Number of protein chains: 4
Amino acid sequence: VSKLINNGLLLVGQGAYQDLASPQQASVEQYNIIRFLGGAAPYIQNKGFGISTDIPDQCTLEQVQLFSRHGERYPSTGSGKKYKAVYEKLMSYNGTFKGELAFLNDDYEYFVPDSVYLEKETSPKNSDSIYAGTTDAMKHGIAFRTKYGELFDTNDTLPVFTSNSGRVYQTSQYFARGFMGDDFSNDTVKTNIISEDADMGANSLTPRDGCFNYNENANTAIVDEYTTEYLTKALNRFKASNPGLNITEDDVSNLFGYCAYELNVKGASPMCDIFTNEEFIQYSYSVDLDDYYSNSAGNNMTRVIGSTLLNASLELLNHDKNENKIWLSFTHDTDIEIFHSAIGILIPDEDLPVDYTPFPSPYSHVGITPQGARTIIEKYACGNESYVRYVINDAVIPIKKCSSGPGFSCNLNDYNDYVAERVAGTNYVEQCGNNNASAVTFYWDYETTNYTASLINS
Amino acid sequence: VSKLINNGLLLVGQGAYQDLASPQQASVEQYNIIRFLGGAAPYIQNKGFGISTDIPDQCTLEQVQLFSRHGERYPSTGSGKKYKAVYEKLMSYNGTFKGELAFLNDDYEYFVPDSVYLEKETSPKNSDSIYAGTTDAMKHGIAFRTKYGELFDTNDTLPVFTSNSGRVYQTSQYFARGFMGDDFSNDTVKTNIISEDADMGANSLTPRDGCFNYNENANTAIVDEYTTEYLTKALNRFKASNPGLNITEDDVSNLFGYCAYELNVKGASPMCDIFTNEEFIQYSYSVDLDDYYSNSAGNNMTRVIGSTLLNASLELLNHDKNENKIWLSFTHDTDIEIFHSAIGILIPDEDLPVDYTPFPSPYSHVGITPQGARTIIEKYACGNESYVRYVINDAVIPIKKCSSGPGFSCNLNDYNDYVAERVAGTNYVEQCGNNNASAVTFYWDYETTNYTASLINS
Amino acid sequence: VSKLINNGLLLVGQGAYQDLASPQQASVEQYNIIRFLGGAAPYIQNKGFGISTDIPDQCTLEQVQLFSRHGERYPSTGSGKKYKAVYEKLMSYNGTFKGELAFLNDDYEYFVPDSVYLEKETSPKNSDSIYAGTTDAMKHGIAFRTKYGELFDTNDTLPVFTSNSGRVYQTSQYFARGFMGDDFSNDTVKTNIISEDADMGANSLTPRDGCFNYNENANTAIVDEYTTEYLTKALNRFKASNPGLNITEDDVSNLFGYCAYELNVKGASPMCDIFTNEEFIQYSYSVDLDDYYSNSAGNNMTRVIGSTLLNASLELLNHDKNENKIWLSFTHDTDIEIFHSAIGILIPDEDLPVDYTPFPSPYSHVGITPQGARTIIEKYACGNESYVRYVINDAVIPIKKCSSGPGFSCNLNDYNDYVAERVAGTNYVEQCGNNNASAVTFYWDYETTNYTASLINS
Amino acid sequence: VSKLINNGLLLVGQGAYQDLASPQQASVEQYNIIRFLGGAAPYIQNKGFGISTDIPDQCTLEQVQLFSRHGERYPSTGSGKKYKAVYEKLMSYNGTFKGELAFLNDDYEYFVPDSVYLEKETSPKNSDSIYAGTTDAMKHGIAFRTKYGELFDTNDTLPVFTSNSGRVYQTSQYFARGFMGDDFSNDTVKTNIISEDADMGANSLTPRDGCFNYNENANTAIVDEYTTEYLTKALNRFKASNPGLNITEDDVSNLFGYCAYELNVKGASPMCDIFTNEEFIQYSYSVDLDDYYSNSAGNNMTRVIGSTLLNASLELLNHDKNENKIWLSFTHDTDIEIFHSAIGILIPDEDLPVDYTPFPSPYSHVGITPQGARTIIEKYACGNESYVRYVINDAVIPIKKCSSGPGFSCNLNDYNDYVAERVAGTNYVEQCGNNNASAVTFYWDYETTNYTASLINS
Ligand SMILES: *[C@@H]1O[C@H](CO)[C@@H](O)[C@H](O)[C@H]1NC(C)=O
Ligand SMILES: *[C@@H]1O[C@H](CO)[C@@H](O)[C@H](O)[C@H]1NC(C)=O
Ligand SMILES: *[C@@H]1O[C@H](CO)[C@@H](O)[C@H](O)[C@H]1NC(C)=O
Ligand SMILES: *[C@@H]1O[C@H](CO)[C@@H](O)[C@H](O)[C@H]1NC(C)=O
Ligand SMILES: *[C@@H]1O[C@H](CO)[C@@H](O)[C@H](O)[C@H]1NC(C)=O
Ligand SMILES: *[C@@H]1O[C@H](CO)[C@@H](O)[C@H](O)[C@H]1NC(C)=O
Ligand SMILES: *[C@@H]1O[C@H](CO)[C@@H](O)[C@H](O)[C@H]1NC(C)=O
Ligand SMILES: *[C@@H]1O[C@H](CO)[C@@H](O)[C@H](O)[C@H]1NC(C)=O
Ligand SMILES: *[C@@H]1O[C@H](CO)[C@@H](O)[C@H](O)[C@H]1NC(C)=O
Ligand SMILES: *[C@@H]1O[C@H](CO)[C@@H](O)[C@H](O)[C@H]1NC(C)=O
């Protein structure tokens, strides 16, 4: 395939630049396909606000907390089944594909040829893609040591906190290897594998698993009211070039995710080429809708689940005497998204509408959890005060009305009040129905508790 | 001066890319200096939403309206003279400048050589800047012809509507020249210069001029509540390196515009180097506040004023049969802002806060009126329906709840209801206290009325 | 068509960046398709040597000479015929195209639907392409006034020198309009249209036309020895996906130019997608070969033709008292290429080989004459000396062993000796067999001689 | 310090784009500062020729050899101490620095905090630079696995060959770690540390060490003929702004390396801002000259020395049946340069001139050995033939007259003839005067010879 086809991520051409003095006068980031793929496609930085991510001058790093998703991965078992099916449905067309689907004629292989890769991080070992998730995680580890490394005492073991999802675990490991470089060994790094079982309660990197009363589908109804007409138009366009083509809107909907994962896996996907920006945007909003209403503030149970890690993170912030200053936590998009429902920095004031497409989406799921998502809390001293701020996918995201400190940070005293108010009236044990652990302890007790859950293939 | 210094517009270096597979995974556009300079600095495209600006497939162009600001300019008289005063205060420091202000020692000339350039477009003739306002307008005209020229009948004169401001008028001419290329002549283009005189009432590209009850400064005390502490900190930093340096917070505040203008004029400004991102962002928000409360929905009078052009534009869209399909109007940022107060697509639901810095700014002045600002309405037919949409600084901005047409456009029928809602209860004559023209007629009566005001230097 | 397809010019993907800290560590320019299209595709800057194109500090601009090709154009009459034929040959395939050629099924229109555009500059009026040649020329004019404008006395008419090729003429005009801005009129610009008739002799912007003894095909034999096997491999690949496909290597060869012009005309060409880099590179070298041996030092008659303009240019350089300091000449690639055979700055020491592909090509035709090619001679004073240097497609190209002056320039005294040696033993009248004008005079006599040749459609 | 200053590597601003339709029409890579810093500054990819670095379609990887320099490093002892001496001369200026040297006033620290870092790779651990040498090596390993890993059998140990230089050795380990990812261990990788001791003779990654008749300084008097006038001019400029500043031309010459090293160490260097492009280019050529005459074909001894690795590499390509297909060798720039003296693909036909500055430099040292230099031989099968080609710093560099295979590769049969031609009449023992090992055996006998030299700080 020509290097002129699918050789980048931008759904815009050179036309963007045609009347500019400088290419820097152009706004082309908006057209990045990843932003429309619901967090399934490769890592992308948050749009951000222009705030420098450097620690401000005259401030000194006190502590950092990373909450990271796994890196890019193969489809899940469930999705893989869907994509393999739609591939088989497509391939069983009797006819030669024309138009956007013409690539389907060209000895087009299914991008997951071995199902053992389903659920796995893409890596140099199983993928030819530059967007390999383990690569993402290693490069992140490196970058992260570069920036926050002065907080690391090399006489200390680096603790790593990870759920037992194999891909989350492998992320944590590639991250730690990036961070530690040629000092990485079984002795300089201790990984605490925190089980996803419901019996971990709030003592978890996936506290939703112990929250029995949380129904992620509490709002599927409202989400289903959002138009799917773009799926029909697209299906109809495919049929116009391919008469008799037997696929549905359901098949078409699956092809956005198919695009995202083939991109992850192969580094380029012809499946990405079949949709217009406008279809991408509507697909994207249907994902924001789904995630907002399942995983964020649209679901009235995410505050309480999200607060477990908000609390623990705040405890870490408040304890300045801990020898360890670097908190490395790895988990899933959903956990990070629910954590964000409690953080409250990327959460809209009102529930998302379904009767129109809002611009922008008041809730951007990919701005919070792309593949390789990173939610970082920086703590630093400036004079006689400590300040806290969030760096979400490499953008500083100021806490609303707590952004007066250097780098639009929140005085730790004010951050205390902010968190208090976010978590007011939450009670995990009681709202969730789970009498296991009521709070996170694993950041503190991992030396005396063995977090060695075995890895699951999810 | 090293080509490594001020060789671009981005307030970020290469660290943005350091853990990515592709540079397209980076979000660096948030860091563009222009976005913090309040519309004073060169043109920049609206961040946008990824909507293809192309006319959608199966859609046929019917009409386009352009509402354009003048291009990049030299400082106005007031600002220029304020910049000259600050320059002179700096030059009379006795001492060698150190730190960020050191460039002041280096035969640093004031950037406006001749005060005759105040108020004027920068151009190849008066400026060595690639960011020249006339270049921007000319390239825009070319691009605009390339996009919309199928709508132009070459047997017909191109009408141009411009206010009689020199810079605005010159913009219109460079644009028309870009548009018409080697067909440009006093025969193929007829420019209607619409006076900024208050006696023009609503029949004006600057209807605020005839609005007597409009007080742009009505909300200054609110606006002035916003923090100036960053100015003090910046000043103290300058003083720390330059003991006894005698300038004010007011001076420092003017150095932002000085930066924006020296950038326009010279193509680079050492003065841009003296601020942190955090200062630019607060500066930027002070401008958003001032313009929101003066020129937008913060001021109760702007909806009535803005509605004059909104109505006129709607009359144009409603009228199928006009031989002329390309509307080209040139005016100031203020008029376009007030216009947008009535358009209502880039207007926040609520008044801007003053007691903290919101992220993002709920009202982005530079998203609407950068130098060389362009507000475009495209009208196109898809099937048996006509659709309208806005392209503001090269980004489609869908109308809230009127964006289900192709390319997120509004059915002209629905667009009628939207406009009616926007202009409801407005009355120029009565609200403004002006009994001259009550409505725009210049788009229709310009062949019988001689619109030929003499140019003013403002 | 997806904005992920053909949305740039680079025959490389994101893979180039995958192991870098900064995207600026990547070399991706080498992959620009334009460089392989033999000067037929849009303008591209010369690779260059990193030499700043600014006039050095402490130097002051004395004089500038532009020798410019026309901008991007539609195919010629001859080429158009070839491309239309290959399109018709392709379209008459009975079968559905598969593979690279699949786009041929998709209601693929021939990109020159009206033959009146053959030979013409692409423009906003006849083309949707951002690469419109008139746009290129206008933007150049603007840029050129920005840089060299201090040499322009606005009390003077700008003289423009152009051959009577309609597209060259139109280039000169769009250039002059860019340069003059809103001061462009019949009075501020005087265009001297220099006939391409053989009877102009050396008094010509196309002195090859008066050189009867010049045989551009003196070396076709050696050029034909260069491998064409890549054409077979490509043809075979097309046939493998399309059994029965009746096209030849001749057809395939025509498709590189078809790619180049559809790119010019439409801004993107699916025809560009059918070749590998390796085919592009070999096509490209066959063009370098052809042009080197026809138009440059491989042909023993180009020195003498090239010296006519080298001499005239040098005369202009030596006459510091001329009121006019800006020499604007427009002509064809071949004339500029032959001029370069005499200039000697981009000419290899040995003739090009044909029995292998050399890397790099010792003679890069597209580095000298892309569409919109610009060969500029800058003259500037530094202290008590004047210096001369070449800026070829926006890159400074130092004269070998005359690059000691500021900006790697040649002292005008040394430049005199350099030109003397380049033109030693040339005699246009005698070597060419033409007893018309023996030397260029039109730079000096255009006020008293009327250069108003009528425009030809070539 | 402003993010507008030193925020990139390019010695050009936005003016490069000002008359283009697409920024991809610009040639800005010529302006990269790295290309003028003589291999001292961060990694940069070879400018290259547009050849796709992908394995050609229908070709199957058979073998790869990597010859890698150490990554970016701190200054060597000598250079570091020279930089410290210049820093101290500058700091003892009594006076406030003005002009380009003003940053010297701003609590400007010397960039090597601890002399223990001299000779060492920059890494996340000792450096906050994105350009860290270890990061570069690690990312390279990842990329290399992604490209070549189909050739790796995971049942087999990965052998690594490195010299015992600390920085080289560390490079090899970061690379291997990138390559092996979470499979890296002392079991999956076996590193063979090949001593730099002269007693190693030709069985060495640094065979120049055992070559007694090799005088790297044989040609210093030739090299010293090249102009130093630019140093005087630079110095006089520094003096003009700083009266009585007491530094030499020698000092100024060292400030180029200081720039390169501070860039490596800090990620930005104010010292890079003190030179013009024209000075960097002359500096750059002084380094090309020195290295051409010391480490390449300018020195009569390098072909014999280089031929040791050329022969060994050829023995590897000739031997189909080795279970190991991935050769990873790590050594210094000097060894790779001398290697290239025998490879002969980036070697000029003639000795470099000294009496002027050629464009381009006929021998580009940084094109061969930037920090993190990579010379790769790929061997792949196309049909019943095997092909060999070179990828130097991410660019395919075809062998002259052996580039007609797919991807401009050389049939291994032809490659044998090429190598034989290159090594003809060479004899290490006799030409070098060293009777220790006469040939490389370490690639074959490393499982029976213990290659385990102790690390040196050089
Ligand atoms: C390093 O860690 C050990 C074991 O935790 C501790 O006892 C010792 O105090 C530490 N050494 C230094 C130099 O900090
Ligand atoms: C914790 O959760 C697990 C799984 O739901 C359950 O078996 C156990 O009873 C719980 N423990 C308590 C004390 O509720
Ligand atoms: C968070 O901590 C507060 C105490 O500050 C507590 O009342 C609340 O239950 C906690 N929320 C969760 C879900 O852990
Ligand atoms: C806009 O038009 C409406 C009727 O559509 C009219 O009643 C109203 O006064 C107009 N507003 C202005 C301010 O021109
Ligand atoms: C129109 O505007 C003028 C100038 O401001 C004002 O003085 C006059 O009263 C107005 N005329 C009418 C008819 O209201
Ligand atoms: C302008 O040009 C005219 C006519 O060529 C000439 O006579 C006059 O001297 C010039 N005026 C100035 C101010 O240079
Ligand atoms: C000049 O050239 C033309 C065309 O070739 C020819 O008719 C004429 O005779 C020539 N004049 C002389 C004096 O040779
Ligand atoms: C160039 O000028 C020289 C005189 O300097 C002359 O001998 C030669 O004929 C000229 N060459 C051409 C072709 O005009
Ligand atoms: C390279 O190998 C040849 C035989 O192929 C041998 O005669 C020659 O001496 C070798 N050169 C070196 C320097 O190892
Ligand atoms: C090998 O090299 C050593 C160390 O430089 C040298 O002294 C010795 O003579 C050599 N040995 C032989 C066998 O030539």
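Per chain, numbering begins at 1; letters A, B, ... match sequence-line order. The basis for the numbers below is simple: all heavy atoms, side chains too, and nothing from hydrogens, waters or symmetry mates.
With a threshold of 4.5 angstrom between heavy atoms, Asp54(C) does not approach chain D through any atom at all. Contacts of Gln58(C) with chain D are absent, with no heavy-atom separation under 4.5 Å from either backbone or side chain. Of the atoms belonging to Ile130(D), heavy atoms from both backbone and side chain fall under 4.5 Å from chain C. Proximity to chain D is absent for every atom of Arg237(C), based on heavy atoms less than 4.5 angstrom apart. Contact annotation for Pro358(C): neither backbone nor side-chain heavy atoms come within less than 4.5 Å of a heavy atom of chain D. At a 4.5 Å heavy-atom cutoff, the contact between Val28(C) and chain D is made by backbone and side-chain atoms alike. For chain D, the nearby part of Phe36(C) is the side chain; its heavy atoms alone come within less than 4.5 Å. Residue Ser404(C) does not touch chain D at all, counting heavy-atom pairs closer than 4.5 Å. Neither the backbone nor the side chain of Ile142(C) has a heavy atom closer than 4.5 Å to any heavy atom of chain D. With a 4.5 Å cut-off on non-hydrogen atoms, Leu20(C) touches chain D through its backbone and its side chain both.
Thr53(C) has its side chain within reach of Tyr31(D): a pair of non-hydrogen atoms, C-beta onward, lies under 4.5 Å apart. Residues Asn277(C) and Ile51(D) have side chains not in contact (no heavy-atom distance under 4.5 Å, counting atoms from C-beta outward). Within the 4.5 Å cutoff, the side chain of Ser52(D) has no heavy atoms near those of the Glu278(C) side chain. With a 4.5 Å cut-off on side-chain heavy atoms, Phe359(C) and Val396(D) do not count as touching. Residues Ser22(D) and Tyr131(C) are in side-chain contact: their nearest non-hydrogen atoms beyond the backbone lie under 4.5 Å apart. Residues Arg374(D) and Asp19(C) have side chains in contact (heavy-atom distance under 4.5 Å, counting atoms from C-beta outward). Within the 4.5 Å cutoff, the side chain of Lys400(D) has no heavy atoms near those of the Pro353(C) side chain.
Across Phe144(D), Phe280(D), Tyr43(D), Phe408(D), the residue that shares the most heavy-atom pairs under 4.5 angstrom with chain C is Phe408(D). Highest contact tally toward chain D, considering only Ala21(C), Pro406(C), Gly267(C), is held by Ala21(C) [criterion: heavy-atom pairs under 4.5 Å]. Chain C forms the most heavy-atom pairs under 4.5 Å with one residue out of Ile281(D), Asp394(D), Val12(D), and that residue is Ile281(D). The residue among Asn46(C), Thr135(C), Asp57(C) with the most heavy atom pairs within less than 4.5 Å of chain D is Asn46(C). Across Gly15(C), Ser403(C), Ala26(C), the residue that shares the most heavy-atom pairs under 4.5 angstrom with chain D is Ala26(C). Note on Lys47(D), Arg35(D), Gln18(D): by heavy-atom pairs under 4.5 Å with chain C, the leading option is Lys47(D).
For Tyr363(C), the ring pair (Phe, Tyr, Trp, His ring centres under 6.0 Å) criterion is met by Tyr292(C), not counting sequence neighbours. Looking at residues two or more places apart in sequence or on another chain, you find a ring pair (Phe, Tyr, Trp, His ring centres under 6.0 Å) between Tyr285(C) and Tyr226(C).
A 6.0 Å sphere centred on CG of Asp355(D) holds more than 12 heavy atoms belonging to other residues, nucleotides or ligands.
The backbone N or O of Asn32(D) sits nowhere less than 3.5 Å from a side-chain atom of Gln24(C) that would complete a donor-acceptor pair.
The two residues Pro42(D) and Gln25(C) come nearest to each other via the heavy atoms CB-NE2, 3.9 Å.
Atom CZ of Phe49(D) sits about 8.5 Å away from atom CD of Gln30(C), to the nearest 0.5 Å. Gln45(C) CD to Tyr17(D) OH: the interatomic distance, rounded to the nearest 0.5 Å, is 8.5 Å.
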